[PDB]
Structures are given as C-alpha cells and as structure tokens.
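Descriptive analysis of the structure
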Amino acid sequence: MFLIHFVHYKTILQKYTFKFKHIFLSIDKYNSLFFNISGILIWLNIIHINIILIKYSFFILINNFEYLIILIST
Amino acid sequence: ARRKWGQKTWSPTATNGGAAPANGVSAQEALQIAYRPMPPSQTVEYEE
C-alpha cells in the first residue's frame with residue numbers, strides 16, 4: 001500500500017544545449033592565376049556564357065585545357 | 001550540308017590574323033563576337 005505523498009527537495013534545472021553557427025572564419029589562401037578581364041566567353045557544348053566589357057582594342061587568350069575558354073584583353 | 005568520315009571540304013582564308021588574331025581584335029570585330037548568334041528562346045541577355 002501507499003501511505004504518503006512525498007516530493008524530492010532537490011530541484012534540478014535542465015541544461016539547455018543548442019548548436020548555433022556563431023563564428024564565421026574561413027581560410028582563403030589559394031595558388032591560382034587571377035586576371036584582369038575585359039571579356040570572357042565560356043563555350044562548353046551545353047552552356048555558352050558571353051560577358052563583355054567594352055573597349056577600343058582587345059586581345060585574345062584561348063584555353064582548351066578543359067573546355068573552350070576565350071578571354072578578351074587577358 | 002552533311003559531312004562524310006574522312007572527306008573534308010577545304011575553305012579559303014579570310015587573311016585577318018587567322019581564325020583568332022594574336023595581335024589583337026578591334027571593337028567592331030569583338031562586337032560580333034559579343035552578340036554571337038545564340039538561339040534566343042533559350043538565351044538570357046543582360047547589360048548594366
């Protein structure tokens with residue numbers, strides 16, 4: 001049988017834990033060629049992208065290493 | 001036209017720096033490379 005109704009005197013507090021993205025750090029340190037570009041024309045067989053900034057005279061570099069890449073005035 | 005395997009039709013030169021001039025390209029020549037004939041039903045154009 002049950003005689004008494006008793007509660008425990010020690011009160012516990014639930015620790016609220018949560019994972020938030022509070023820090024925003026990134027290691028931006030690469031080894032690559034970066035160009036001044038007055039025009040870039042990316043021709044792969046699916047998608048062609050033509051981006052043109054105007055000038056009086058241009059030059060042409062062409063890269064066929066992965067996909068056709070045409071650069072105007074380097 | 002239709003191509004055959006092993007048979008190519010030779011075409012004359014334009015005598016302007018080859019197909020891609022290594023010395024440079026003027027503004028009016030690059031204007032035609034700019035507005036190249038893409039099919040306009042699947043093309044987005046944008047200028048700022």
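Residues numbered from 1 in each chain as written, not as in the entry; some residues may be left out. Chains lettered and ligands numbered in written order. Part of a larger assembly, values for the part shown. Heavy atoms only, no water.

Method of determination, as annotated in the archive: cryo-EM, at 3.1 Å resolution.

Chain B is annotated in the PDB entry as mt-SAF17 from Trypanosoma brucei brucei. This structure appears in the PDB under the title "Head domain of the mt-SSU assemblosome from Trypanosoma brucei".

The PDB entry lists chain A under the name uS3m, with Trypanosoma brucei brucei given as the organism.

1. What about the overall build of chain B?
Within chain B, the secondary structure is distributed over 1 helix and 1 strand. Taking the principal axes of its C-alpha atoms as reference, chain B extends roughly 45 × 35 × 10 Å. Relative to its full complement of 48 residues, chain B shows a buried share of 12%. For chain B, the accessible surface area stands at approximately 5,200 Å², while carbon and sulfur atoms represent 53% of it. On chain B, the mean spot of the 5 positive side-chain charges and the mean spot of the 4 negative ones are 31 Å from each other. (Helix = DSSP H or I, 4+ residues; strand = E, 2+ residues; numbered from the N terminus. Buried < 20%, exposed > 50% of the residue type's maximum accessible area, 1.4 Å probe, protein only. Areas by Shrake-Rupley, 256 points an atom, 1.4 Å probe, with all protein chains shown as cover. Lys, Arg positive; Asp, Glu negative; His and termini not counted. Charge placed at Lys NZ, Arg CZ, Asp CG, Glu CD.)

2. Topic: the sheet that holds strand 1 (residues 39-43) of chain A
All names here are of chain A. Pairing in this open sheet of 4 strands is antiparallel, and the strands run 2-1-5-4 from one edge to the other. If you trace the sheet from one side to the other, it starts and ends with strand 2 (48-52) and strand 4 (60-63), each paired once. Taken over all neighbouring pairs, the strand axes of this sheet differ in orientation by 10° on average, direction set aside. The pairing of strand 1 with strand 5 (residues 68-72) spans 5 bridges and is antiparallel. Its bridge partner lying in strand 5, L41 is registered against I70. (Pairing = 2+ DSSP bridges. Axes fitted to C-alpha atoms, helices over the stretch in contact; angles between N-to-C directions.)

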